[PDB]
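Protein chains in written order, with the deposited numbering: chain O, 5 to 203; chain B, 2 to 395; chain P, 2 to 154.
Where is the CB? At the ideal position from N, CA and C, for every residue including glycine.
First the structure, in the form of structure tokens, and then the observations on it.
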Amino acid sequence: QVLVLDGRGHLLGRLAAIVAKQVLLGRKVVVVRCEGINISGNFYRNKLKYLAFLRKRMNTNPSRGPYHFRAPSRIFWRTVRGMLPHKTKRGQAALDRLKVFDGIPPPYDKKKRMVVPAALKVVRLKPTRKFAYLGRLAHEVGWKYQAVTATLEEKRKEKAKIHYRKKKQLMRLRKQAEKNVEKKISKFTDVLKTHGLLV
Amino acid sequence: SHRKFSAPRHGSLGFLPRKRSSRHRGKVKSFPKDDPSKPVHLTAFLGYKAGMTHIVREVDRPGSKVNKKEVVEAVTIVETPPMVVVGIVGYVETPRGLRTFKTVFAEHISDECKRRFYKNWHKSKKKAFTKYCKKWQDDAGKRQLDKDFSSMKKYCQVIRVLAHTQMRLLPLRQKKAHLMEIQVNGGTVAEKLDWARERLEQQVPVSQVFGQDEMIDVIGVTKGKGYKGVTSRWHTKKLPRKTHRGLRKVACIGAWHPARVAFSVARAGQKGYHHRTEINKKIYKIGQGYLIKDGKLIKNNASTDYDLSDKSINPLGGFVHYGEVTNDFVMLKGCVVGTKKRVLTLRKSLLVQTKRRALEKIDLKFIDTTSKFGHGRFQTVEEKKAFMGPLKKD
Amino acid sequence: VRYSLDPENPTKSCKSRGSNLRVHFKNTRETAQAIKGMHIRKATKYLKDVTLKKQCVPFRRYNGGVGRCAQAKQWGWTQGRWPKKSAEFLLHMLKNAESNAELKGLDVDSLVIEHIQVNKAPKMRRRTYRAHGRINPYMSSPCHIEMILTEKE
RNA sequence: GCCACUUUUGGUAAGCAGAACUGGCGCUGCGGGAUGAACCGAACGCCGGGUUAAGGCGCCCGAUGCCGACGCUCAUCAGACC
RNA sequence: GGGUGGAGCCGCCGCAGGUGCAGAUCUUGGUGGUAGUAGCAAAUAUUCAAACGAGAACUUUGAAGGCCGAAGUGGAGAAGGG
RNA sequence: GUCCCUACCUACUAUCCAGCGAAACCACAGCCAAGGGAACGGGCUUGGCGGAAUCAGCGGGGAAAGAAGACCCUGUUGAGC
RNA sequence: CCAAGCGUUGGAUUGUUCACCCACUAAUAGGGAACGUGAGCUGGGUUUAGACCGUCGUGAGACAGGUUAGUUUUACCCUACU
RNA sequence: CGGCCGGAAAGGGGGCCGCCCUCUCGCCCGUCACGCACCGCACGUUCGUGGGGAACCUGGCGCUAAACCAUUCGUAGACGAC
Ligand SMILES: [Mg+2]
Ligand SMILES: [Mg+2]
Ligand SMILES: [Mg+2]
Ligand SMILES: [Mg+2]
Ligand SMILES: [Mg+2]
Ligand SMILES: [Mg+2]
Ligand SMILES: [Mg+2]
Ligand SMILES: [Mg+2]
Ligand SMILES: [Mg+2]
Ligand SMILES: [Mg+2]
Ligand SMILES: [Mg+2]
Ligand SMILES: [Mg+2]
Ligand SMILES: [Mg+2]
Ligand SMILES: [Mg+2]
Ligand SMILES: [Mg+2]
Ligand SMILES: [Mg+2]
Ligand SMILES: [Mg+2]
Ligand SMILES: [Mg+2]
Ligand SMILES: [Mg+2]
Ligand SMILES: [Mg+2]
Ligand SMILES: [Mg+2]
Ligand SMILES: [Mg+2]
Ligand SMILES: [Mg+2]
Ligand SMILES: [Mg+2]
Ligand SMILES: [Mg+2]
Ligand SMILES: [Mg+2]
Ligand SMILES: [Mg+2]
Ligand SMILES: [Mg+2]
Ligand SMILES: [Mg+2]
Ligand SMILES: [Mg+2]
Ligand SMILES: [Mg+2]
Ligand SMILES: [Mg+2]
Ligand SMILES: [Mg+2]
Ligand SMILES: [Mg+2]
Ligand SMILES: [Mg+2]
């Protein structure tokens, strides 16, 4: 009942435009690894856009001015709350069901995370266009934790491969057991093949 | 319309919430960046501002007019008794920052350090760490509190030791010892922690933290000067004599149509007692404290090899509003932030320093120890009575 | 005379009232709200070191311009003041109610102030003399106090 | 009295001043043009069902979450609806 | 309907009017916020003990310290006050 | 010390308390940017965002308060000369 | 060209904005914020009533002509800022 | 029911080794009949020993504190605060 979205290779507003709607329809969304969100257009236009957003500080009290969040997860959080009606209390109760994370933290590392094909870079950009990584943009606009989160994600990848090797081993033991068992499950399999599940 | 005559603005906006400092002890906002090549060492220390005096030294800078001449230079005495290490704490780098991991305290910690955990030591019954210190005297706890060192040697990147001043040895009214995390910068994390768990519940002096002619940074809170006006705090121009509603003001706050008053406009509020970091203060001399050697104590911690007296660093009649410095001290170049008898933090420098003034060797040849409670005329009590002669009272 | 709040039992409750008392309403209201839940001995011990400036009255509603005090921190508030006309009038009123309890034959040491109430009285009039030949009103704001004590262990 | 299509006078011109025809606003809500006296649709008793106009259908926001069609377009100032 | 209230009131058909209030910088009366706020700051200054008293920074007596300084903060008038 | 260039000391304040305690003002009230608008919003729209109750100051803003503009024009309104 | 980060002064004359000149300088660039900024100040100028002079008017008086003297009121409210 | 490991970014109710017990039960076909068949009718079926709030119950092993005011300090100070 909790939707875990991946964040790698998803367009920024194209992902946010459906995260907003699933959140308004009552579905608790946790997007994860907001590092690898990429924005279309090239890096220099996107960095100029974010620096122009940094220029927008309130003249008399920049502490009361617009809080320019530098983390990638909170850039994505602010671009969802642009799309949500966050003044009204249904929009405020909406934003409480979006949970963004830089990298993949241990509540959600050992959980299978979902991919939107309808918001994805290889589907919604033609391949000669050049995109822009939100992680690199956030880093060199002033997010301090690129290298830390990169080493932690490398630590997670070298452990998820240890998990996946065992998963491969269990599937090979299964498909080597099935040929040993095909004499006594010959009639349990045949009623599955006649109903379209094992051929 | 514009300003007719351009002029730079008063004050700095970098220090902008000019409020009373929430802390009394100066806090290190950044320890020097660690590298696994150097041997392990503490990177901060605490001291107490005693007072000011002179120096005469011969300068060796080829190129100035003062090469092989002898300047005088103002210096600051910071009494630094050796600090007792009473714990360690580790830190793990997180994508949200740098979280504390596991604080481990020593077995026996002194009741000048135990004062810190109590807002009222008199009314209390002194019960802190009593159920905690019993873990060090049983095997049910010893295998508990060395397994966490084994986890601190796996998951921590930054190991910061936890020391405190030793206020039994100071001339002050206060007994509540200040305590401080000091980042240990050295080898791997195993070396870094198996260095400090032996320093646990024992001394660390100054001379194995700092050295002579090293530039350091002084952290501390300024001398508080109260709720003061805008010409006293922001140094704006005093309005002329003829003004009706007072002349020690800022005349125009702001323009019409930005319908607020900006955060950059000089206003009247708190002046002083601000936290400040002031870099590149040079150790001229690390003093050696009073110690008793063969019956009579040796006192000459202000004797140079060009003076050959038996005078201490203390002036006649002590440091004014401090007391007498009986401990080993650090003599900084120039003024530092803070009033008398104020706690200061000495931090090793964040910068790398290969400059002709930072690499200068300092060989003093006089230390003024005359009375600061007035125009002092005499260096020491012996020379004073040798010049005066027998008095009526003698 | 009908009070504003009836006691739940007149056999256990003893009552008192003071009409048209020349103290300030805004001070007396809040020094009554200070003692609206107290035992009678704790109430008199409170009202004496209100006069002796050792425990303060937290000015909570009528609190504009009232300076802060250190003693207000034990009421969970910042502002406080130590009024003494208001303290001594509803100290005499506790002596009245404590006389009425022994007139009714009640246990004095278990009385708790159940209900206390300060109303505005008919506002007496003086004048003051202001610049440019004008005269402005200079009223005094006295108060009606009523109080109900009730036995509870 | 004011505005608008087109015709038109003075003025460099004007959210300027002066005309003609017709429609509006003023006296007038409602849907659209984000916002709005005049623009586009449309004029009103209180309601239920259906359907449209002008305008829309990534999300705010009802509706393209069509396996919509054919091209053009890279902008270190893209472009985006009387 | 319920409560308070303690001496008069109303329906219909006609008649008559000083017949309906949110405004008039409206008239008269009362009451808020500001607000326990601004303030109670011109001319040097009070202190100790006792008494009466339910109660004393302020009264009175005693002591001490000050001031007006003979163009007075003194002693007496005229006008005015009654 | 008019200023360069401000600094320090004293008295009475302001400040805090015991007592006593008003008045001017007030449509509802108070956070900003831009848009349109009676052509310079606290309210509308789109954003930015928003945390009780409060204290000493301050003079930006409330196109702040006072006074049915005193300048200018209209009045078949007057007066002084 | 990228570029407003950091500077862009001290004075004689004048009420000056502009102007002109002396001297330093790295440079002595231009400007906007209700022609920024009077409950911030000053009141020199204009812009009240007193006065003198020139011109005009028979006259009261007039002068985008000159000169001289001429009260600059209030914050304790709310927001803002400290 | 006892031991071995797997966890740090916001830590794993997972795997494994023994034991004293226990079962031919569970799973897939068949045989046999029973269980309010509540008489056509709604929120049924769970995560649910849900989160919080009091008072009752019986036992076991453990706990006996600080904060704030008042006093003092003067590294601080309008008052608070420190
Ligand atoms: Mg300029
Ligand atoms: Mg003046
Ligand atoms: Mg001295
Ligand atoms: Mg209030
Ligand atoms: Mg106030
Ligand atoms: Mg008066
Ligand atoms: Mg008079
Ligand atoms: Mg026209
Ligand atoms: Mg016109
Ligand atoms: Mg009509
Ligand atoms: Mg219409
Ligand atoms: Mg539009
Ligand atoms: Mg048409
Ligand atoms: Mg319909
Ligand atoms: Mg739309
Ligand atoms: Mg009667
Ligand atoms: Mg009549
Ligand atoms: Mg009325
Ligand atoms: Mg009426
Ligand atoms: Mg006052
Ligand atoms: Mg006389
Ligand atoms: Mg006489
Ligand atoms: Mg005040
Ligand atoms: Mg008072
Ligand atoms: Mg509204
Ligand atoms: Mg203003
Ligand atoms: Mg005005
Ligand atoms: Mg008029
Ligand atoms: Mg006419
Ligand atoms: Mg006439
Ligand atoms: Mg102007
Ligand atoms: Mg003014
Ligand atoms: Mg102004
Ligand atoms: Mg003038
Ligand atoms: Mg004149």
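Taken through DSSP and simplified to helix, strand or coil, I36 of chain P comes out as coil. Residue-level contact by beta carbon holds for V262 of chain B and chain O, with a gap shorter than 8 Å.
For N315 of chain B, the closest C-alpha among the options B:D306, B:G290, B:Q158, B:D139 is that of B:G290. For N42 of chain O, there are no neighbours in chain B by C-beta distance under 7 Å, as the nearest C-beta there is about 19 Å away.
Annotation for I79 of chain O: the continuous alpha helix (DSSP H) segment containing it runs 76-85. For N46 of chain O, none of the residues of chain B pass the 7 Å Cβ criterion, the least Cβ distance being about 27 Å. Shown in chain order are the members of the stretch 80-114 of chain B whose Cβ falls below 8 Å from a Cβ of chain O: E94, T95, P96, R97, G98. With a cutoff of 8 Å on beta-carbon distance, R62 of chain B and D364 of chain B are scored as not near each other. Inter-residue distance for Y63 of chain P and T29 of chain P is about 10 Å (C-alpha atoms, whole angstroms). Taking a Cβ-Cβ threshold of 8 Å, the residues of chain B close to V152 of chain O are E94, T95, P96, in chain order.
Listed as beta-bridge partners of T95 of chain B by DSSP are B:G98. Per DSSP, reduced to three states, the secondary structure at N42 of chain O is strand.
With distances taken between CA atoms, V104 of chain O lies nearest to O:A75 out of O:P131, O:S190, O:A75. Taken in chain order, the members of the stretch 89-110 of chain O whose beta-carbon sits within less than 9 Å of a beta-carbon on chain B are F105, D106, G107, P109. Given a length threshold of 3 residues, each whole run of the beta strand (DSSP E) inside the stretch 236-300 of chain B is given here in chain order: 276-287. In the three-state scheme derived from DSSP, where H, G and I count as helix and E and B as strand, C144 of chain P is classed as strand.
Interface with chain O (8 Å Cβ-Cβ cutoff): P33 of chain B is excluded. If you check the CB distance, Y4 of chain P and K16 of chain P come in under 8 Å.
Rounded to whole angstroms, the gap between the alpha carbons of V266 of chain B and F211 of chain B is 42 Å. Of the residues B:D36, B:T244, B:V337, B:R249, the one whose Cα lies closest to the Cα of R234 of chain B is B:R249. Taking C-beta atoms under 8 Å as the contact rule, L9 of chain O and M87 of chain O fail to qualify, at a distance of about 15 Å. For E162 of chain O, no beta strand (DSSP E) segment is defined; the enclosing uninterrupted segment is the alpha helix (DSSP H) at 150-185.
Taking 8 Å as the upper bound on Cβ-Cβ separation, chain B lies near residues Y149, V152, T153, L156 of the stretch 127-156 of chain O. DSSP places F60 of chain P in the coil class of the three-state scheme, outside both helix and strand. Per DSSP, the beta bridge partners of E182 of chain B are B:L163. Going by beta carbons, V76 of chain B and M53 of chain B fall inside the 8 Å limit.
Per the coordinates, the alpha-carbon of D194 of chain O lies some 50 Å from the alpha-carbon of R133 of chain O. Boundaries of the beta strand (DSSP E) harbouring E115 of chain P: 112-121, taken from the DSSP string. Taking a C-beta distance under 8 Å as the contact criterion, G19 of chain P and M125 of chain P do not qualify as a contact pair. The beta carbon of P37 of chain B sits no closer than 8 Å to any beta carbon of chain O. Apart from sequence neighbours up to five positions away, the residues of its chain that approach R100 of chain B with a beta-carbon distance below 6 Å are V93, ordered along the chain. The CB of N65 of chain O comes closer than 9 Å to the CB of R261, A263, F264 in chain B, given here in chain order. In this structure, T44 of chain B sits near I183 of chain B, with a CB-CB distance shorter than 8 Å. The three-state secondary structure of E108 of chain B, taken from DSSP, is coil. With a threshold of 16 other beta carbon atoms within 10 Å, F16 of chain B falls short and is exposed. Setting aside the 5 residues that flank it on each side, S350 of chain B is surrounded in the same chain by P33, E215, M216, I217, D218, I280, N281, each with a C-beta closer than 8 Å to its C-beta; the list follows chain order.
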